[PDB]
Number of protein chains: 2
Amino acid sequence: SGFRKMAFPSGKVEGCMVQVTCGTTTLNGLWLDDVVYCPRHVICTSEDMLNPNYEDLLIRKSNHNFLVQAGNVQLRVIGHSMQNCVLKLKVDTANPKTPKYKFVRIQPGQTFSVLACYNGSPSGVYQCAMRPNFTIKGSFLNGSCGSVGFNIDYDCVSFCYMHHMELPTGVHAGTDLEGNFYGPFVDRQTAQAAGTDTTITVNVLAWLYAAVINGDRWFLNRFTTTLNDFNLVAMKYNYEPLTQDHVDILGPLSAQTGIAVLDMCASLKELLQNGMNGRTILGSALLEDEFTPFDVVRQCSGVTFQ
Amino acid sequence: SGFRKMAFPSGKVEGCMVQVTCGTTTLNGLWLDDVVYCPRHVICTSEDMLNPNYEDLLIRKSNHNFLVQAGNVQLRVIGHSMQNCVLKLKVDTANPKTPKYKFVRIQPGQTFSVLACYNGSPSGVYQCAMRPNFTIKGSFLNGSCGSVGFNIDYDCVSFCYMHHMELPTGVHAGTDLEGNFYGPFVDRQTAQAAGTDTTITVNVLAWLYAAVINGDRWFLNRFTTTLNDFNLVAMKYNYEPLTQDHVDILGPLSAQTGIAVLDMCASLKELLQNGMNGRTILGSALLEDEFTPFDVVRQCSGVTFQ
Ligand SMILES: *[C@@](O)(c1nc(-c2ccccc2)cs1)[C@H](C[C@@H]1CCNC1=O)NC(=O)[C@@H]1Cc2ccccc2CN1C(=O)[C@@H](NC(=O)C(F)(F)F)C(C)(C)C
Ligand SMILES: *[C@@](O)(c1nc(-c2ccccc2)cs1)[C@H](C[C@@H]1CCNC1=O)NC(=O)[C@@H]1Cc2ccccc2CN1C(=O)[C@@H](NC(=O)C(F)(F)F)C(C)(C)C
């Protein structure tokens with residue numbers, strides 16, 4: 001029993017974190033085999049924020065202008081290249097702690113664990129979601145750039161995020177591990193801001209299923225809804241449209257609980273229209289949207305990782 | 001910016017988790033140097049739940065009745081002893097991944113990270129608090145016994161919890177790493193239940209300070225209170241008494257924000273009497289009590305671990 005915002009065990013990622021310095025600028029890098037991946041703005045100074053020409057800044061650098069430190073060991077850089085908004089630094093030593101890994105680009109609504117790091121050293125781990133507006137509500141300070149987000153499947157670390165920017169509302173923007181930003185964001189100091197965000201409907205439904213699995217039914221009702229009528233209500237409350245693909249993805253949770261997906265949609269419709277009336281669900285007074293259907297199955301079934 | 005329920009990086013603990021089997025019973029153990037620590041009920045069957053005599057059950061076992069598996073390597077047990085509610089199994093191999101560590105017994109209101117494990121394999125990590133009633137609101141299923149809770153300081157893992165039991169309300173009971181239960185709980189199937197719980201006042205105040213550090217002041221007011229008058233209100237709302245020691249512990253957060261502790265108490269008094277009026281604090285519609293003053297300083301200052 002119980003239901004927590006649970007992150008993946010972080011050890012496999014901790015063994016990959018290093019510190020990268022170019023001049024007076026320092027941030028984190030990810031060391032896999034003989035390559036260190038880091039944000040390309042490591043080559044910027046405070047004077048290179050408004051419109052850096054990264055190609056022109058980088059051509060002026062040599063391999064020896066990059067210092068990479070793994071724990072208390074210096075790794076010599078023997079090559080470098082820029083890919084989108086990341087820099088790949090070839091080093092003289094393959095990381096002996098490299099896990100089985102992949103790079104993946106996630107869709108909005110998917111969750112991942114963040115290992116927040118400073119100066120190449122891990123500080124903490126937490127779970128979060130790619131918002132529909134392609135920001136993440138992270139917890140990051142100066143020097144966290146290059147911290148990564150990931151999921152683990154069996155024994156394989158799937159890296160999905162590398163941290164770059166904080167936006168004016170205090171939320172965060174970053175890239176996949178190939179250096180492509182999520183959303184419209186750029187690595188320059190422009191007036192860019194988070195767009196309007198929405199609530200991740202399929203995830204709210206997954207979490208209502210979690211609540212039923214854990215023994216709570218107070219919020220259910222005797223009604224059903226059509227998918228189209230539900231989405232008319234969802235739109236009014238700034239919820240993402242629920243697609244037939246989402247309904248299919250909720251199939252396993254529906255089967256385990258005996259509550260049809262559209263019946264759970266009718267429960268959610270009533271919670272949106274009426275509120276919770278002083279009650280809580282899984283310890284929250286708000287409808288939680290940072291658990292995916294897979295996250296619920298994983299945590300209610302005790303899945304482990306090799 | 002941002003503020004998340006952040007756990008410690010778990011790698012140092014992952015390297016210590018093993019599987020212990022006695023007969024058909026399996027659970028997790030913690031392997032440090034040449035000793036494996038696990039719950040003593042590994043020696044119980046389903047028929048030994050109502051009132052096991054652990055001394056009589058254990059004297060009937062030999063070292064070879066215990067199977068310890070680290071990954072896919074068997075560790076031979078060469079001695080055993082019972083200490084309180086834990087069993088210490090001496091094994092033929094010292095764990096080469098043993099971190100710097102301590103055992104500590106925590107006070108109610110202190111937080112820690114849990115590495116939930118099944119069959120010796122880590123599944124996830126989350127943060128939680130020792131409640132005033134000496135339960136934890138964990139997320140644990142059959143087979144999670146022997147999972148541990150911990151804090152990290154510099155390079156030292158301080159283990160503070162080992163999981164044993166689930167109570168009827170779905171909360172959890174366990175021991176320190178010397179095998180002494182927190183609270184009045186026992187490792188037998190009796191009618192024991194969680195006592196009435198209270199909210200951890202000093203932690204709510206710490207989290208209001210976190211909210212101010214991150215740029216939100218909506219809930220402040222122009223009033224102050226005496227400590228005694230605040231505690232009269234706290235008692236009515238089922239909050240723990242605030243002591244002068246707690247006021248002292250909040251000193252650093254008070255100094256950083258310029259808000260006197262008793263002024264923050266007057267803010268909290270008004271939030272208890274009036275509610276939030278549809279507003280949120282750090283993304284929550286409830287007053288959060290599972291961050292300590294140290295947790296706030298750690299997360300707002302970017303402390304890392306060696
Ligand atoms: C990340 O740790 C690091 N950034 C640097 C850096 C910054 C400027 C020049 C050279 C090197 C070294 S470490 C940091 C994390 C961020 C700070 C506060 N919380 C965070 O999550 N990232 C930045 O400071 C980025 C990097 C960057 C690249 C190119 C141009 C400008 C910047 C500044 N920056 C920002 O996040 C700024 N945000 C914006 O400009 C935005 F809103 F996105 F448009 C700001 C205003 C410094 C937070
Ligand atoms: C823990 O993973 C494991 N328990 C065993 C075990 C159980 C009985 C006999 C032999 C071995 C192997 S692994 C498990 C975790 C717990 C289950 C559900 N969620 C959880 O967190 N712990 C138990 O099942 C404990 C162990 C125990 C020891 C001695 C006597 C009885 C038990 C049963 N037990 C309980 O937690 C029970 N709870 C109570 O009896 C209580 F409410 F505390 F009084 C129950 C009813 C099985 C959950």
# chains A, B, ... in the order shown; residues from 1 in each chain; ligands from 1

call {"tool": "residues_around", "arguments": {"residues": "residue 240 (chain A)", "least_positions_apart": "5", "cutoff": "9 Å", "atoms": "only C-alpha atoms", "output": "number ranges by chain"}}
result
A: 132, 198-202, 231, 234-235

call {"tool": "write_last_selection", "arguments": {"atoms": "N, CA and C atoms", "output": "mmCIF file, in the first residue's frame"}}
result
data_model
loop_
_atom_site.group_PDB
_atom_site.id
_atom_site.type_symbol
_atom_site.label_atom_id
_atom_site.label_comp_id
_atom_site.auth_asym_id
_atom_site.auth_seq_id
_atom_site.Cartn_x
_atom_site.Cartn_y
_atom_site.Cartn_z
ATOM 1 N N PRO A 132 2.868 19.578 -21.392
ATOM 2 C CA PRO A 132 2.374 19.835 -22.756
ATOM 3 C C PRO A 132 3.001 21.031 -23.419
ATOM 4 N N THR A 198 -1.354 22.916 -20.126
ATOM 5 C CA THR A 198 -2.584 22.180 -19.887
ATOM 6 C C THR A 198 -2.271 21.011 -18.962
ATOM 7 N N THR A 199 -3.318 20.425 -18.415
ATOM 8 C CA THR A 199 -3.198 19.248 -17.554
ATOM 9 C C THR A 199 -3.235 17.975 -18.398
ATOM 10 N N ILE A 200 -2.427 17.001 -18.000
ATOM 11 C CA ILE A 200 -2.213 15.775 -18.774
ATOM 12 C C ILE A 200 -3.307 14.781 -18.371
ATOM 13 N N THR A 201 -4.396 14.780 -19.138
ATOM 14 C CA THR A 201 -5.605 14.034 -18.793
ATOM 15 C C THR A 201 -5.348 12.557 -18.566
ATOM 16 N N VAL A 202 -4.668 11.893 -19.497
ATOM 17 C CA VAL A 202 -4.453 10.458 -19.395
ATOM 18 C C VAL A 202 -3.729 10.122 -18.097
ATOM 19 N N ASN A 231 -14.511 15.191 -23.671
ATOM 20 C CA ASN A 231 -13.538 16.154 -24.164
ATOM 21 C C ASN A 231 -14.096 17.564 -24.218
ATOM 22 N N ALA A 234 -13.335 18.497 -20.749
ATOM 23 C CA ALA A 234 -11.893 18.638 -20.581
ATOM 24 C C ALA A 234 -11.414 19.981 -21.103
ATOM 25 N N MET A 235 -11.878 20.366 -22.295
ATOM 26 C CA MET A 235 -11.427 21.616 -22.899
ATOM 27 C C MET A 235 -11.747 22.805 -22.002
#

call {"tool": "select_by_dssp", "arguments": {"residues": "region 84-294 of chain B", "states": "strand (DSSP E)", "output": "MDAnalysis selection string"}}
result
chainID B and resid 86:91 100:103 111:118 121:129 148:153 156:166 172:175

call {"tool": "residues_near_ligand", "arguments": {"ligand": "ligand 2", "cutoff": "6 Å", "atoms": "only C-alpha atoms and all ligand atoms", "output": "ChimeraX atom specification"}}
result
/A:1 /B:25-27,41-42,44-46,49,140-145,164-168,187-192

call {"tool": "interface_residues", "arguments": {"of": "chain B", "to": "chain A", "cutoff": "9 Å", "atoms": "only C-alpha atoms", "output": "ChimeraX atom specification"}}
result
/B:1-15,71,115-119,121-128,137-144,166,169-172,214,284-286,298-306

call {"tool": "atom_distance", "arguments": {"atom1": "CA of residue 159 (chain B)", "atom2": "CA of residue 103 (chain B)"}}
result
5.0 Å

call {"tool": "atom_distance", "arguments": {"atom1": "CA of residue 59 (chain A)", "atom2": "CA of residue 147 (chain A)"}}
result
25.3 Å

call {"tool": "closest_residue", "arguments": {"among": "B:134, B:223, B:287, B:34", "to": "residue 185 (chain B)", "atoms": "only C-alpha atoms"}}
result
B:134

call {"tool": "select_by_dssp", "arguments": {"residues": "region 11-78 of chain A", "states": "alpha helix (DSSP H)", "output": "compact mmCIF listing (two decimals) with N, CA, C and O atoms, in the first residue's frame"}}
result
# COMPACT_ATOMS: atom_id res chain seq x y z
N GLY A 11 22.03 5.19 -9.44
CA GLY A 11 23.44 4.84 -9.43
C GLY A 11 24.06 4.74 -10.80
O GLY A 11 25.20 5.17 -11.00
N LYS A 12 23.35 4.14 -11.76
CA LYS A 12 23.92 3.98 -13.09
C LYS A 12 24.22 5.32 -13.75
O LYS A 12 25.14 5.41 -14.57
N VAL A 13 23.46 6.36 -13.42
CA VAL A 13 23.71 7.69 -13.96
C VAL A 13 24.77 8.42 -13.15
O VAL A 13 25.57 9.18 -13.71
N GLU A 14 24.79 8.25 -11.82
CA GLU A 14 25.82 8.89 -11.01
C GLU A 14 27.21 8.57 -11.54
O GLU A 14 28.08 9.44 -11.58
N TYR A 54 27.52 30.26 -32.02
CA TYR A 54 28.26 29.15 -31.43
C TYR A 54 29.33 28.59 -32.37
O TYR A 54 30.39 28.15 -31.91
N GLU A 55 29.06 28.56 -33.69
CA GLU A 55 30.08 28.09 -34.62
C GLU A 55 31.32 28.97 -34.59
O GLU A 55 32.45 28.47 -34.58
N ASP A 56 31.12 30.28 -34.51
CA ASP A 56 32.25 31.19 -34.47
C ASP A 56 32.97 31.12 -33.13
O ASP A 56 34.20 31.27 -33.07
N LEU A 57 32.24 30.89 -32.04
CA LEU A 57 32.91 30.76 -30.75
C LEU A 57 33.72 29.46 -30.69
O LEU A 57 34.82 29.43 -30.14
N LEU A 58 33.18 28.38 -31.25
CA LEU A 58 33.81 27.08 -31.10
C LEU A 58 35.05 26.93 -31.97
O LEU A 58 36.01 26.27 -31.56
N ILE A 59 35.03 27.48 -33.19
CA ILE A 59 36.20 27.37 -34.05
C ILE A 59 37.42 28.00 -33.42
O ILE A 59 38.56 27.67 -33.78

call {"tool": "decode", "arguments": {"residues": "region 143-155 of chain A", "atoms": "N, CA and C atoms", "output": "compact mmCIF listing (two decimals), in the first residue's frame"}}
result
# COMPACT_ATOMS: atom_id res chain seq x y z
N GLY A 143 24.60 26.33 -12.34
CA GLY A 143 25.52 25.23 -12.27
C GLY A 143 24.89 23.88 -12.46
N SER A 144 23.56 23.81 -12.54
CA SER A 144 22.88 22.53 -12.79
C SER A 144 22.86 22.16 -14.27
N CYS A 145 23.21 23.09 -15.16
CA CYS A 145 23.23 22.77 -16.58
C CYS A 145 24.03 21.51 -16.81
N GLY A 146 23.53 20.69 -17.74
CA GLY A 146 24.13 19.42 -18.03
C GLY A 146 23.65 18.27 -17.17
N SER A 147 22.87 18.55 -16.11
CA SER A 147 22.17 17.47 -15.41
C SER A 147 21.22 16.80 -16.38
N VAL A 148 20.98 15.51 -16.19
CA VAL A 148 20.19 14.74 -17.13
C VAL A 148 18.94 14.13 -16.49
N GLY A 149 17.97 13.87 -17.36
CA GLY A 149 16.78 13.11 -17.06
C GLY A 149 16.80 11.77 -17.78
N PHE A 150 16.15 10.76 -17.17
CA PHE A 150 16.27 9.40 -17.67
C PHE A 150 15.14 8.53 -17.16
N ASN A 151 14.97 7.40 -17.84
CA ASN A 151 14.16 6.28 -17.39
C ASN A 151 15.04 5.05 -17.43
N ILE A 152 14.68 4.02 -16.66
CA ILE A 152 15.39 2.75 -16.73
C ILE A 152 14.40 1.65 -17.11
N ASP A 153 14.82 0.77 -18.01
CA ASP A 153 14.01 -0.38 -18.40
C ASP A 153 14.89 -1.62 -18.35
N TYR A 154 14.50 -2.60 -17.54
CA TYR A 154 15.38 -3.73 -17.23
C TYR A 154 16.73 -3.19 -16.81
N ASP A 155 17.76 -3.35 -17.64
CA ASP A 155 19.09 -2.88 -17.28
C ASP A 155 19.55 -1.69 -18.10
